[PDB]
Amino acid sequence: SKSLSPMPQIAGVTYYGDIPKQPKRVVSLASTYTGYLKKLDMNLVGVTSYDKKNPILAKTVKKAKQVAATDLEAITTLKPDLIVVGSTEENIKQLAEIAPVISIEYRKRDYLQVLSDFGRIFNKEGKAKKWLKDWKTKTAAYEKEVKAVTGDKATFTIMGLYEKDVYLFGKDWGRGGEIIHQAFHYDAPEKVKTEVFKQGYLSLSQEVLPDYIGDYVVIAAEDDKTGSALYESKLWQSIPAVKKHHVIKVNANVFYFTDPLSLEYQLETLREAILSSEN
């Protein structure tokens, strides 16, 4: 049998079976966590659709098979020694019959803590610690670069377009919020803090958008055409941030994510976009 993880008790983490310390064949069914596993040099043999559509992650998991959580046959045939899932998956019992499962409840641990937590689970403390130390220094330095342009008290709002809907996001639901609000310590407008931050996201009707945007808005979308009717509208064009050219449009296929690999890309992209806003 496998050498075992110490299986520390951590908020949001549930273990089904004896988790290996050094898994050799991991199936990641929670796109939130795939890039954490890759940062810790895990061999991923299965990943999901969102992972394959994230160009930053995809380059690192070319040999992994795309699977869904319902793919019991394909997952079995991949011969995993570990499956990682989100807590809202509904067939965890069946997955746990294939291999040991780590189930993670989103948001119980923050985007940085999740990495050090995996460091404890897999005895990869050194790799996690080095990444986190560098991240702390780099983000502080980049915070200074961007605030030199915007001022330190500029407000930012995180937004996403999905289907025909409009979402606002807080500091810990992806779409750049970890970068903007946690790493760069930008404030959000009061209405966003009051109405969005606690839930993490808020589906909004388009006509109230001006009320939630201050100095800057970051907008995630999967394709560049979705926002067209909004962007040309008198409503949108009336927003001061839009008039000032303080709109930063980002690609959701990577900006949905919160993992170290995706966030490295988001960090450089957002740094450059803020600097570029004053060209």
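Numbering starts at 1 and follows the sequence shown. Think of the rigid core as the biggest set of C-alphas that the two forms share within 1.5 Å after superposition.
Greater average departure of CA atoms from the shown form, over structures and residues in 5 other deposited structures of this protein after a core fit, characterises 231-239 among 231-239 and 38-46. Comparing 135-143 with 86-94, the higher mean C-alpha B-factor in the PDB entry belongs to 86-94. As the entry records it, the average C-alpha temperature factor is higher for 192-200, out of 179-187 and 192-200.
Within the selection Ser228, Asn251, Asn54, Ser28, the deposited Cα B-factor values reach their highest point at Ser228. Per the PDB record, residue ranking by Cα B-factor puts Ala99 in the middle third of the chain. Residue-level temperature factors show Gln237 in the highest third of its chain, judged at the C-alpha atom. Among all modelled residues in its chain, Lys129 ranks in the middle third by Cα B-factor. Among the modelled residues of the chain, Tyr212 sits in the highest third by CA temperature factor in this PDB entry.
Split the chain's modelled residues into thirds by C-alpha temperature factor. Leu78 is in the highest one.
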